[PDB]
>>> print(open('target-v4.txt').read())   # compact mmCIF, C-alpha atoms
# COMPACT_ATOMS: atom_id res chain seq x y z
CA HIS M 213 22.90 5.59 5.85
CA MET M 214 19.11 5.46 5.21
CA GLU M 215 18.69 8.92 3.60
CA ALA M 216 21.01 7.87 0.69
CA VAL M 217 19.44 4.40 0.19
CA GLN M 218 15.97 6.02 0.06
CA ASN M 219 17.26 8.35 -2.69
CA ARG M 220 18.61 5.37 -4.69
CA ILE M 221 15.20 3.62 -4.27
CA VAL M 222 13.24 6.64 -5.52
CA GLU M 223 15.67 7.33 -8.33
CA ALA M 224 15.56 3.69 -9.46
CA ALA M 225 11.73 3.50 -9.38
CA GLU M 226 11.11 6.77 -11.30
CA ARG M 227 13.12 5.58 -14.37
CA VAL M 228 10.70 2.65 -14.83
CA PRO M 229 8.13 3.21 -17.64
CA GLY M 230 4.57 3.94 -16.39
CA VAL M 231 5.83 5.34 -13.05
CA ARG M 232 4.50 8.79 -12.06
CA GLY M 233 6.58 9.37 -8.91
CA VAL M 234 7.12 7.50 -5.64
CA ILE M 235 4.28 8.61 -3.32
CA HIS M 236 5.12 6.68 -0.10
CA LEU M 237 8.19 4.77 1.07
CA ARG M 238 8.95 3.19 4.43
CA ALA M 239 12.17 1.23 5.07
CA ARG M 240 13.57 -0.57 8.16
CA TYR M 241 16.95 -2.29 8.72
CA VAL M 242 16.70 -5.95 9.75
CA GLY M 243 20.32 -6.79 10.40
CA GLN M 244 22.41 -5.53 7.46
CA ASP M 245 19.45 -5.92 5.05
CA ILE M 246 16.44 -3.71 4.39
CA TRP M 247 12.70 -4.40 4.34
CA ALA M 248 10.77 -1.70 2.42
CA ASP M 249 7.28 -1.06 1.09
CA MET M 250 6.40 1.71 -1.32
CA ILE M 251 3.47 3.08 -3.30
CA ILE M 252 3.94 4.46 -6.83
CA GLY M 253 1.73 6.65 -8.99
CA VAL M 254 0.34 5.35 -12.29
CA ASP M 255 -2.11 6.52 -14.99
CA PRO M 256 -5.66 6.10 -13.51
CA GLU M 257 -6.94 4.63 -16.84
CA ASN M 258 -4.60 1.65 -16.34
CA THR M 259 -6.18 -1.66 -15.40
CA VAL M 260 -5.24 -2.94 -11.90
CA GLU M 261 -3.58 -5.85 -13.84
CA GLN M 262 -1.50 -3.32 -15.83
CA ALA M 263 -0.63 -1.39 -12.67
CA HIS M 264 0.60 -4.74 -11.23
CA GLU M 265 3.05 -5.09 -14.18
CA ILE M 266 4.56 -1.65 -13.43
CA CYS M 267 4.82 -2.55 -9.71
CA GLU M 268 6.68 -5.76 -10.74
CA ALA M 269 9.01 -3.76 -13.05
CA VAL M 270 9.73 -1.33 -10.17
CA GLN M 271 10.37 -4.28 -7.80
CA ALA M 272 12.94 -5.64 -10.34
CA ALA M 273 14.64 -2.25 -11.02
CA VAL M 274 15.15 -1.26 -7.36
CA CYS M 275 16.10 -4.75 -6.15
CA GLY M 276 18.67 -4.92 -9.02
CA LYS M 277 20.33 -1.53 -8.18
CA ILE M 278 20.40 -2.01 -4.37
CA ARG M 279 21.84 -5.31 -3.06
CA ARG M 280 20.99 -4.76 0.63
CA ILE M 281 17.17 -4.71 0.05
CA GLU M 282 15.95 -8.23 0.96
CA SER M 283 12.24 -7.54 0.59
CA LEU M 284 10.36 -4.79 -1.28
CA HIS M 285 6.55 -4.57 -1.41
CA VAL M 286 5.09 -2.28 -4.14
CA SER M 287 1.52 -0.97 -4.63
CA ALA M 288 -0.02 1.44 -7.19
CA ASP M 289 -2.11 4.58 -6.67
CA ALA M 290 -3.94 6.84 -9.18
CA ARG M 291 -1.66 9.77 -10.19
CA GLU M 292 -2.15 12.46 -12.84
CA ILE M 293 0.73 13.96 -14.83
CA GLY M 294 0.92 17.54 -13.44
CA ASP M 295 0.54 18.28 -9.71
CA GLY W 211 -12.39 -1.02 24.42
CA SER W 212 -11.03 -4.50 23.47
CA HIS W 213 -7.28 -5.34 22.66
CA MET W 214 -5.66 -5.15 19.17
CA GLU W 215 -6.66 -8.67 17.98
CA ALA W 216 -10.39 -7.72 18.29
CA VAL W 217 -10.03 -4.28 16.62
CA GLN W 218 -8.19 -5.92 13.69
CA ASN W 219 -11.13 -8.36 13.35
CA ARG W 220 -13.65 -5.48 13.28
CA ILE W 221 -11.49 -3.74 10.61
CA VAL W 222 -11.33 -6.84 8.38
CA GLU W 223 -14.99 -7.65 8.90
CA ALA W 224 -16.02 -4.08 8.09
CA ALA W 225 -13.84 -3.88 4.94
CA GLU W 226 -14.97 -7.22 3.42
CA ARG W 227 -18.69 -6.18 3.42
CA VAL W 228 -17.90 -3.21 1.12
CA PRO W 229 -18.86 -3.77 -2.57
CA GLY W 230 -15.88 -4.51 -4.87
CA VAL W 231 -13.71 -5.87 -2.01
CA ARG W 232 -12.11 -9.31 -2.49
CA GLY W 233 -10.55 -9.78 0.97
CA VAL W 234 -8.15 -7.79 3.14
CA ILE W 235 -4.63 -8.90 2.12
CA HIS W 236 -2.46 -6.82 4.48
CA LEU W 237 -3.23 -4.78 7.60
CA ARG W 238 -0.86 -3.06 10.01
CA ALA W 239 -2.22 -1.13 13.00
CA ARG W 240 -0.57 0.69 15.91
CA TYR W 241 -1.84 2.67 18.90
CA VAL W 242 -0.86 6.35 19.03
CA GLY W 243 -2.27 7.34 22.39
CA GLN W 244 -5.85 6.05 22.64
CA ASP W 245 -6.31 6.27 18.83
CA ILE W 246 -5.18 3.93 16.05
CA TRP W 247 -3.23 4.51 12.84
CA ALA W 248 -3.74 1.72 10.29
CA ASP W 249 -2.87 1.01 6.67
CA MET W 250 -4.29 -1.89 4.69
CA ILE W 251 -4.29 -3.38 1.19
CA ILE W 252 -7.45 -4.91 -0.28
CA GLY W 253 -8.02 -7.20 -3.23
CA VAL W 254 -10.13 -6.02 -6.20
CA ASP W 255 -11.05 -7.32 -9.68
CA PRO W 256 -7.91 -6.84 -11.89
CA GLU W 257 -10.08 -5.57 -14.81
CA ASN W 258 -11.01 -2.53 -12.66
CA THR W 259 -9.48 0.80 -13.62
CA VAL W 260 -7.08 2.22 -10.99
CA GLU W 261 -9.65 5.10 -10.76
CA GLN W 262 -12.38 2.55 -9.96
CA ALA W 263 -10.13 0.76 -7.46
CA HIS W 264 -9.63 4.19 -5.78
CA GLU W 265 -13.43 4.48 -5.28
CA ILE W 266 -13.54 1.08 -3.52
CA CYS W 267 -10.57 2.10 -1.34
CA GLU W 268 -12.50 5.29 -0.42
CA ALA W 269 -15.67 3.25 0.34
CA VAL W 270 -13.61 0.93 2.60
CA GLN W 271 -12.01 3.95 4.31
CA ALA W 272 -15.54 5.32 5.00
CA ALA W 273 -17.07 2.00 6.18
CA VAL W 274 -14.33 1.09 8.67
CA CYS W 275 -13.77 4.64 9.97
CA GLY W 276 -17.59 4.92 10.52
CA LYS W 277 -17.88 1.62 12.52
CA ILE W 278 -14.68 2.07 14.62
CA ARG W 279 -14.39 5.41 16.45
CA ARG W 280 -10.84 4.94 17.80
CA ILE W 281 -9.25 4.81 14.29
CA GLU W 282 -7.95 8.37 13.60
CA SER W 283 -6.18 7.52 10.32
CA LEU W 284 -6.65 4.65 7.82
CA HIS W 285 -4.67 4.39 4.56
CA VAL W 286 -6.07 1.94 1.93
CA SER W 287 -4.47 0.59 -1.30
CA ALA W 288 -5.75 -1.96 -3.89
CA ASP W 289 -4.07 -5.07 -5.31
CA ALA W 290 -5.16 -7.46 -8.10
CA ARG W 291 -7.17 -10.39 -6.63
CA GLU W 292 -8.63 -12.88 -9.06
CA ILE W 293 -10.90 -15.51 -7.28
>>> encode(input="target-v4.txt", output="structure tokens")
Amino acid sequence: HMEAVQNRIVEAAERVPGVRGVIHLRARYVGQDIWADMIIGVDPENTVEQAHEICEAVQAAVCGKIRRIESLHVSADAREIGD
Amino acid sequence: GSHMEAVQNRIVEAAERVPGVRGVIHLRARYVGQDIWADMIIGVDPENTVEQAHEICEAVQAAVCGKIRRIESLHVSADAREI
């Protein structure tokens, strides 16, 4: 049900350029549809503007691979390459 | 002390006084026993580095948590906010 959707979300987001992992994800069913918000990791030397572009790209990628997600909020957090 | 509406006002009011903060955009707060878990998103200058946005988030985390005892956990993220 939810376990599998959450995997599709992560998997979709991580393929997007400038994404360094999904850090947080919460999702709720509202009827048959899903409301979700997530936080992604990005290079700390990015501008907040540039981080916003990646967030937008992630929003497009996930929403395009998973029909049942009605609403998806996306924020960016500082994330280094390794750890 | 004083319902949820009032706490949420103290949170906002505390956050907005912190340097680099351009308004509280989102705030969700729930009671877990007598304590509160909250997460919020603040606005910051888009020309900030994500690193620099992280410092403001930290300052907000400190300011609110220091003025409101009953908050046990407060997550804070930054979003582009232009004026």
>>> interface_residues(input="target-v4.txt", of="chain W", to="chain M", cutoff="9 Å", atoms="only C-alpha atoms", output="ChimeraX atom specification")
/W:251,254-264,287-290
>>> closest_residue(input="target-v4.txt", among="M:216, M:293, M:221, M:246", to="residue 277 of chain M", atoms="only C-alpha atoms")
M:221
>>> atom_distance(input="target-v4.txt", atom1="atom CA of residue 228 of chain W", atom2="atom CA of residue 253 of chain M")
24.2 Å
>>> residues_near_point(input="target-v4.txt", point="(14.0, -6.9, -5.7)", cutoff="12 Å", atoms="only C-alpha atoms", output="ChimeraX atom specification")
/M:221,224-225,246-249,267-286
>>> residues_around(input="target-v4.txt", residues="residue 247 of chain W", least_positions_apart="6", cutoff="6 Å", atoms="all atoms listed in the file", output="JSON, numbers by chain")
{"W": [239, 240, 283]}
>>> atom_distance(input="target-v4.txt", atom1="atom CA of residue 236 of chain W", atom2="atom CA of residue 212 of chain W")
21.0 Å
>>> residues_around(input="target-v4.txt", residues="residue 272 of chain W", least_positions_apart="4", cutoff="10 Å", atoms="only C-alpha atoms", output="PyMOL selection string")
chain W and resi 224-225+228+266-268+276-277+284
>>> residues_around(input="target-v4.txt", residues="residue 213 of chain M", least_positions_apart="4", cutoff="12 Å", atoms="only C-alpha atoms", output="number ranges by chain")
M: 217-220, 239-241, 244, 246, 280
>>> atom_distance(input="target-v4.txt", atom1="atom CA of residue 271 of chain W", atom2="atom CA of residue 286 of chain W")
6.7 Å
>>> residues_near_point(input="target-v4.txt", point="(-13.3, -3.3, 7.6)", cutoff="10 Å", atoms="only C-alpha atoms", output="VMD selection string")
chain W and resid 217 to 228 231 233 to 234 250 252 270 to 278
>>> residues_around(input="target-v4.txt", residues="residue 241 of chain W", least_positions_apart="6", cutoff="10 Å", atoms="only C-alpha atoms", output="PDB file with C-alpha atoms, keeping the file's coordinate frame")
ATOM      1  CA  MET W 214      -5.660  -5.150  19.170  1.00  0.00           C
ATOM      2  CA  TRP W 247      -3.230   4.510  12.840  1.00  0.00           C
ATOM      3  CA  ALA W 248      -3.740   1.720  10.290  1.00  0.00           C
ATOM      4  CA  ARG W 280     -10.840   4.940  17.800  1.00  0.00           C
ATOM      5  CA  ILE W 281      -9.250   4.810  14.290  1.00  0.00           C
ATOM      6  CA  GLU W 282      -7.950   8.370  13.600  1.00  0.00           C
TER       7      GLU W 282
END
>>> build_atoms(input="target-v4.txt", residues="segment 268-292 of chain W", atoms="N, CA, C and O atoms", output="PDB file, in the frame of the given file")
ATOM      1  N   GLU W 268     -11.767   4.209  -1.090  1.00  0.00           N
ATOM      2  CA  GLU W 268     -12.500   5.290  -0.420  1.00  0.00           C
ATOM      3  C   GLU W 268     -13.713   4.727   0.339  1.00  0.00           C
ATOM      4  O   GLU W 268     -13.945   5.082   1.493  1.00  0.00           O
ATOM      5  N   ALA W 269     -14.497   3.855  -0.303  1.00  0.00           N
ATOM      6  CA  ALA W 269     -15.670   3.250   0.340  1.00  0.00           C
ATOM      7  C   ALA W 269     -15.251   2.452   1.581  1.00  0.00           C
ATOM      8  O   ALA W 269     -15.908   2.527   2.602  1.00  0.00           O
ATOM      9  N   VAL W 270     -14.138   1.717   1.483  1.00  0.00           N
ATOM     10  CA  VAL W 270     -13.610   0.930   2.600  1.00  0.00           C
ATOM     11  C   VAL W 270     -13.181   1.870   3.726  1.00  0.00           C
ATOM     12  O   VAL W 270     -13.535   1.668   4.884  1.00  0.00           O
ATOM     13  N   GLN W 271     -12.430   2.907   3.374  1.00  0.00           N
ATOM     14  CA  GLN W 271     -12.010   3.950   4.310  1.00  0.00           C
ATOM     15  C   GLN W 271     -13.215   4.493   5.095  1.00  0.00           C
ATOM     16  O   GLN W 271     -13.144   4.658   6.306  1.00  0.00           O
ATOM     17  N   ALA W 272     -14.321   4.761   4.395  1.00  0.00           N
ATOM     18  CA  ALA W 272     -15.540   5.320   5.000  1.00  0.00           C
ATOM     19  C   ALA W 272     -16.215   4.319   5.947  1.00  0.00           C
ATOM     20  O   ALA W 272     -16.614   4.681   7.063  1.00  0.00           O
ATOM     21  N   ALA W 273     -16.337   3.067   5.487  1.00  0.00           N
ATOM     22  CA  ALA W 273     -17.070   2.000   6.180  1.00  0.00           C
ATOM     23  C   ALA W 273     -16.407   1.653   7.511  1.00  0.00           C
ATOM     24  O   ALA W 273     -17.086   1.577   8.549  1.00  0.00           O
ATOM     25  N   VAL W 274     -15.086   1.455   7.477  1.00  0.00           N
ATOM     26  CA  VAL W 274     -14.330   1.090   8.670  1.00  0.00           C
ATOM     27  C   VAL W 274     -14.309   2.275   9.637  1.00  0.00           C
ATOM     28  O   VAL W 274     -14.650   2.114  10.826  1.00  0.00           O
ATOM     29  N   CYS W 275     -13.917   3.461   9.135  1.00  0.00           N
ATOM     30  CA  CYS W 275     -13.770   4.640   9.970  1.00  0.00           C
ATOM     31  C   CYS W 275     -15.118   4.994  10.637  1.00  0.00           C
ATOM     32  O   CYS W 275     -15.130   5.506  11.754  1.00  0.00           O
ATOM     33  N   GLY W 276     -16.243   4.673   9.981  1.00  0.00           N
ATOM     34  CA  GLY W 276     -17.590   4.920  10.520  1.00  0.00           C
ATOM     35  C   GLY W 276     -18.040   3.915  11.575  1.00  0.00           C
ATOM     36  O   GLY W 276     -18.924   4.222  12.360  1.00  0.00           O
ATOM     37  N   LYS W 277     -17.469   2.703  11.581  1.00  0.00           N
ATOM     38  CA  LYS W 277     -17.880   1.620  12.520  1.00  0.00           C
ATOM     39  C   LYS W 277     -16.903   1.542  13.697  1.00  0.00           C
ATOM     40  O   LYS W 277     -17.200   0.884  14.690  1.00  0.00           O
ATOM     41  N   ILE W 278     -15.724   2.173  13.579  1.00  0.00           N
ATOM     42  CA  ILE W 278     -14.680   2.070  14.620  1.00  0.00           C
ATOM     43  C   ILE W 278     -14.172   3.487  14.919  1.00  0.00           C
ATOM     44  O   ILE W 278     -13.376   4.033  14.184  1.00  0.00           O
ATOM     45  N   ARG W 279     -14.632   4.044  16.046  1.00  0.00           N
ATOM     46  CA  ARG W 279     -14.390   5.410  16.450  1.00  0.00           C
ATOM     47  C   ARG W 279     -12.902   5.689  16.681  1.00  0.00           C
ATOM     48  O   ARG W 279     -12.424   6.777  16.381  1.00  0.00           O
ATOM     49  N   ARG W 280     -12.196   4.711  17.251  1.00  0.00           N
ATOM     50  CA  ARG W 280     -10.840   4.940  17.800  1.00  0.00           C
ATOM     51  C   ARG W 280      -9.795   5.022  16.675  1.00  0.00           C
ATOM     52  O   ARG W 280      -8.646   5.334  16.959  1.00  0.00           O
ATOM     53  N   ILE W 281     -10.172   4.701  15.424  1.00  0.00           N
ATOM     54  CA  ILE W 281      -9.250   4.810  14.290  1.00  0.00           C
ATOM     55  C   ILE W 281      -9.241   6.268  13.815  1.00  0.00           C
ATOM     56  O   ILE W 281     -10.265   6.727  13.294  1.00  0.00           O
ATOM     57  N   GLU W 282      -8.090   6.949  13.986  1.00  0.00           N
ATOM     58  CA  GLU W 282      -7.950   8.370  13.600  1.00  0.00           C
ATOM     59  C   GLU W 282      -7.447   8.498  12.151  1.00  0.00           C
ATOM     60  O   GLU W 282      -7.786   9.499  11.478  1.00  0.00           O
ATOM     61  N   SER W 283      -6.724   7.495  11.655  1.00  0.00           N
ATOM     62  CA  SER W 283      -6.180   7.520  10.320  1.00  0.00           C
ATOM     63  C   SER W 283      -6.122   6.097   9.757  1.00  0.00           C
ATOM     64  O   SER W 283      -5.681   5.186  10.430  1.00  0.00           O
ATOM     65  N   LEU W 284      -6.582   5.940   8.512  1.00  0.00           N
ATOM     66  CA  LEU W 284      -6.650   4.650   7.820  1.00  0.00           C
ATOM     67  C   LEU W 284      -6.286   4.826   6.336  1.00  0.00           C
ATOM     68  O   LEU W 284      -7.082   5.323   5.565  1.00  0.00           O
ATOM     69  N   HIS W 285      -5.083   4.403   5.959  1.00  0.00           N
ATOM     70  CA  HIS W 285      -4.670   4.390   4.560  1.00  0.00           C
ATOM     71  C   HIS W 285      -5.064   3.058   3.895  1.00  0.00           C
ATOM     72  O   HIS W 285      -4.959   2.029   4.516  1.00  0.00           O
ATOM     73  N   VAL W 286      -5.533   3.107   2.641  1.00  0.00           N
ATOM     74  CA  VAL W 286      -6.070   1.940   1.930  1.00  0.00           C
ATOM     75  C   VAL W 286      -5.560   1.934   0.480  1.00  0.00           C
ATOM     76  O   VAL W 286      -5.732   2.893  -0.243  1.00  0.00           O
ATOM     77  N   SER W 287      -4.943   0.818   0.075  1.00  0.00           N
ATOM     78  CA  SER W 287      -4.470   0.590  -1.300  1.00  0.00           C
ATOM     79  C   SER W 287      -5.111  -0.708  -1.831  1.00  0.00           C
ATOM     80  O   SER W 287      -5.589  -1.539  -1.061  1.00  0.00           O
ATOM     81  N   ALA W 288      -5.116  -0.859  -3.159  1.00  0.00           N
ATOM     82  CA  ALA W 288      -5.750  -1.960  -3.890  1.00  0.00           C
ATOM     83  C   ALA W 288      -4.692  -2.776  -4.630  1.00  0.00           C
ATOM     84  O   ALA W 288      -3.738  -2.245  -5.179  1.00  0.00           O
ATOM     85  N   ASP W 289      -4.900  -4.089  -4.633  1.00  0.00           N
ATOM     86  CA  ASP W 289      -4.070  -5.070  -5.310  1.00  0.00           C
ATOM     87  C   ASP W 289      -4.990  -6.004  -6.114  1.00  0.00           C
ATOM     88  O   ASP W 289      -6.122  -6.301  -5.709  1.00  0.00           O
ATOM     89  N   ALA W 290      -4.491  -6.459  -7.264  1.00  0.00           N
ATOM     90  CA  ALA W 290      -5.160  -7.460  -8.100  1.00  0.00           C
ATOM     91  C   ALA W 290      -5.467  -8.721  -7.281  1.00  0.00           C
ATOM     92  O   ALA W 290      -4.574  -9.248  -6.602  1.00  0.00           O
ATOM     93  N   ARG W 291      -6.721  -9.183  -7.350  1.00  0.00           N
ATOM     94  CA  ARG W 291      -7.170 -10.390  -6.630  1.00  0.00           C
ATOM     95  C   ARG W 291      -8.261 -11.095  -7.457  1.00  0.00           C
ATOM     96  O   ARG W 291      -9.294 -10.521  -7.754  1.00  0.00           O
ATOM     97  N   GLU W 292      -8.009 -12.353  -7.835  1.00  0.00           N
ATOM     98  CA  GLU W 292      -8.630 -12.880  -9.060  1.00  0.00           C
ATOM     99  C   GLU W 292      -9.840 -13.773  -8.767  1.00  0.00           C
ATOM    100  O   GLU W 292     -10.628 -13.988  -9.716  1.00  0.00           O
TER     101      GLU W 292
END
